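Following this are structure 1 and structure 2, which are two forms of one protein chain, each written alone as structure tokens.
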Structure 1
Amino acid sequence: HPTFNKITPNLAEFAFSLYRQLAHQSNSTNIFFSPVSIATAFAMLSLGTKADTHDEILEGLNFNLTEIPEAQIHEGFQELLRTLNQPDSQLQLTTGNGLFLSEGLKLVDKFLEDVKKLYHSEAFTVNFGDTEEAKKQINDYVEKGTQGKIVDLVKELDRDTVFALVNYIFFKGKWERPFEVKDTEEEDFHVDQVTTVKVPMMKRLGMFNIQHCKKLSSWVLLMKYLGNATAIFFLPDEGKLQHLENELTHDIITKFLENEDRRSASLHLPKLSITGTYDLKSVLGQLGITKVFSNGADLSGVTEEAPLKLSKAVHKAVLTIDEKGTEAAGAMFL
């Protein structure tokens, strides 16, 4: 009956597709992004595009345009946002879309109602002339949106900006099965074959929806938060990381979420605090989204005042995992 489960496998395959690209750049750097954030943003941008610049975007997010009518896409997206925004009671989960237009700017009326309806976007007017001011205005949106986790989204801001599309997502949950602070103990982490870092290692012996998947050659542990969120951890077997990264699929994830069989194990999961700052312009090109960051870009659906294009695609995500839960936040700036 629900519409979103019509695009979820698309976002999920988009997530892995984008993941792989990011992993190919450097193999010694922590990765962390928000599939959803990056996708809903380009989703609501295509609304204001046309032709090959429009099609690349939609097809880049993994939508076989022939099989699924663009109309359903935006519709399933409008729904997906709905649900995500009405979180359980023990779990807070917010996301928001914001539009920053220049004062003179006359928009193509349609565009506005479409995003203001299909993406529950907010609408604002700024004087980009005053960079510092306009810059600061936009960072408070993401700062308040993510509750202070992401604060310096935009650093530089082109004097000639016509408009800016912003997105954010905040997540805070608690583990059903918490960790005892007393146990957290410093242990070794074998980063490299020659590099070893000491990391505070959380511990807890007990029932866990853990399990060794021979197909993946990984240990697959699922952890529930109090609410509508589960966390899947993949511990690749010695020398098989790459094999794990290449074998992930949207339907392989579903399997694990369906199963629930518990089992006793002495787990040691380190507590982290990592982040991800990216300029997705190049990585998006590897996935076919290029015409938009080009001089052939058609942003006509946005305004007739002038031919536009995108200069950047900045994404930043922050993650915190401790002995009581997980709070991550992400933000997309277009």
Structure 2
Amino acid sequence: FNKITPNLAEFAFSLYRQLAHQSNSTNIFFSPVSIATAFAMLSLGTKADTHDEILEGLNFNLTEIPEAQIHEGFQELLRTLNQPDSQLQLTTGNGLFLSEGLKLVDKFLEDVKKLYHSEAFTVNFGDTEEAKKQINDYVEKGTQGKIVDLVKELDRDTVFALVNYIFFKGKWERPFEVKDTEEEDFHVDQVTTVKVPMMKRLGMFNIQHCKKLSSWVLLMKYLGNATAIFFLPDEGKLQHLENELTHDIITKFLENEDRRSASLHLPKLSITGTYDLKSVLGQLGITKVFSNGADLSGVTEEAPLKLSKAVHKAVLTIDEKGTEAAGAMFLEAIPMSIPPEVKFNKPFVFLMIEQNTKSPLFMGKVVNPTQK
């Protein structure tokens, strides 16, 4: 793992826990890497308390880790993510939208693009309709039509908007068969069910029951170099599971590549998290950059500037296999013994971890696959 990976994992937990505290009856899905990288990039146009709040709010202890190490960490992570031959189906973008008429520092726009692969734009925020359409149409192009009408309301006074999007439709190394998917109960609570398409495969899985977490733990690899890890808590143990997750625990799971016989039920779902990062990151202690006090002098030298709007949109599809064009053919040997049936048919927590850095690309919880 990279040197900033542990801070990223702690950030993931802090933001997840915040979101879990905010509601227990909604699906959660967000990108820790995506949000952190966007605010690491923003921090380059900041100074002092404004700057320090962002990095401390991303779980860096600035009396401990040098700022340069933080940035080459995000850099290195943005290098493995943006491989030419990635194979990982990961569309991600950062849109900086600043009012026209501000004289922008060249080096900030130079740092943004040719270090953090973000996009900077000068727009007339005088007309909300033009500015909103400019913002949504950029996200439309960037996701290739997968995210539309993202921004619902822009303020009249908005001078600076950050939009952060991510769509992920993964291809399983060891995929499910479409023919075996059938509609089944998902237990949204102890007495209520909902119908979901349930994917099913008898095979050899990295799957075990962890008594410490009171959870079943499933790891499945994606094409590209990322791993989905699913935690299915015993009854009454969801909150325990949320409380007890650590990065060292996830690391231990990824280090074991043992497989056992199992009949797995995993729902086919599409989930999205839409987050107001001003609200949400404000709760983690990032307030100055969003206020009149903000020192954004690395973005514009003479004029007062604050971050008016910051939005995260995360979209995920889980299916049998996110592409219908193959080549790699294999054979798992199932022993004669009767396999456990393990069904992810009630609320569960997940992470997608990029393999080279051990970064948490995504974290989420499914409470109701039909909750949209």
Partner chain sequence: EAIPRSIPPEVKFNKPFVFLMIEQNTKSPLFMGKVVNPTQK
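Quick note, the numbers are simply positions in structure 1, starting from 1. We call the rigid core whatever largest set of C-alpha positions still superposes within 1.5 Å between the two forms.
The form deposited with the partner chain bound is represented by structure 1; structure 2 is the other form.
Rigid-core fit between structures 1 and 2: of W219, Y141, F179, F256, the one residue whose Cα shifts 2 angstroms or more is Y141.
Here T326 counts as shifted, since its C-alpha moves by at least 2 Å between structures 1 and 2 after the core is aligned. Core-superposed comparison between structures 1 and 2: the CA of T161 exceeds or equals a 2 Å shift. Shown in the overlay between structures 1 and 2, fitted on the rigid core, is a CA shift at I232 smaller than 2 Å. On a core-based overlay, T94 has a Cα shift of 5.2 Å between structures 1 and 2. Per-residue C-alpha deviation between structures 1 and 2, core superposed: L105, 3.5 Å. Relative to the superposed core, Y278 moves its CA by 1.1 Å between structures 1 and 2.
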